């Protein structure tokens, strides 16, 4: 006869930044029975993400290590200025060694998270592909093909969709000759010539990475379809980052977009842009965007509605149009950042299972770009602020620090900008570029949630000598926007 399905208060689809924080909190804080589904228990091909999520397996965590590795190129050169001497012709960047180090580090996190499943009562992990068979039934199948064999049918009171996002690949001829960030983490050799396609943080970060590790006579090229990389970021910074990448030897192609790629005789790639221009490279890494990973969930089975862009539509509390079905993290197409997914999962579990309804605040969120040098930022850019306030003030400091006069890296301009509501002094945004920018910016996030005014920044006594003390020496606006237009008046 028949026998019982395994049953849960909460089934989470995707063992990532957001779904792990939800699953953990529901099990350990509210004594719920939780199932969590993911397609792999450790990182890498075939599926790249795995137990742990995108950040842990193929984003924030391995990239940062790789960016840190890339920084030694600068450090070794800059040390001469302080008197370090050594045989410069003996220097070699060993990519294989970096990839192996990073692989070990990620696997340890993978194993560690599996151990925490094994050790936590009421928190179960399920290996495979999850989808919605009906409103309270989650099936887990062998592969993403909806006709592959069912492994388990889970009864679920509540279902959380947290499958994250996936790299956008444009439908152009030869797209199958390109890679994404996923494969970039697994290249067996460092590419000699690479094109990173796109202007966002992922394209920019990997360009620096590839730039540090490329072999003899290699060349890194980045293309973006518009005028100026890093759309969404402060404008001075977009321009500074452009020049500083260039200065470190990276070719920026603005106003270009690939129209197709063919394979050369020798296995390299021959890229033709929309403009008629061409470029031959060993690697084409597409990083033009990430799209909500919804295709495998079978949402039609239950009528979960999407937005026009393709994300799962949700209210401020992460609820879908179907009761007992929720969605958080990249699948919702808000801010695609790990600590927002984390914050979203926690808020959702407080709301549904705790006694503290709460909604995630998506404004004033701090974030970074680990370019070399990095960007740290929190809040509104000046052109956004000008459109929402009658009188905006901009304070700006920008100078090559002294250490970098001695180091020889003179192109390294530090930029600090504070954007105010000039009617009351409220700080709306802070924008930084230069060494340590991502660390400086964290407590600025706390500042904005405290409705800090410019006078709070300037009244604070500086720590000397730092870059950060620039945020506390600015008293006079560099310029303003008055009902939409720039001046010093």
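Numbering follows the first chain given and starts at 1. Here, rigid core means the biggest group of C-alpha atoms that superpose within 1.5 Å across both forms.
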- Message: Between 350 to 358 and 88 to 96, which has its CA atoms farther from the current form in 8 other deposited structures of this protein, using a rigid core superposition?
- Response: 350 to 358
- So which stretch wins on mean C-alpha B-factor, 289 to 297 or 77 to 85? 289 to 297
- Using the B-factors recorded in the PDB entry, average over the C-alpha atoms of 38 to 46 and of 443 to 451, then report which stretch comes out higher. 443 to 451
- Message: Maximum C-alpha temperature factor per the entry, among 310, 198, 128, 208, belongs to which one?
- Response: 310
- When the entry's CA B-factors for 140, 347, 331, 406 are compared, the highest one belongs to 406
- Comparing residue 324 with the other modelled residues of its chain, is its CA B-factor in the lowest, middle or highest third? middle
- Message: Among the modelled residues of this chain, does the Cα B factor of residue 229 put it in the lowest, middle or highest third?
- Response: middle
- Going by the recorded CA B-factors, say which third of the chain residue 257 sits in, lowest, middle or highest. highest
- CA B-factor placement of residue 389, once the chain's modelled residues are sorted into thirds: highest
- Taking the values exactly as deposited, rank residue 278 by C-alpha B-factor within its chain and report the matching third: lowest, middle or highest. highest
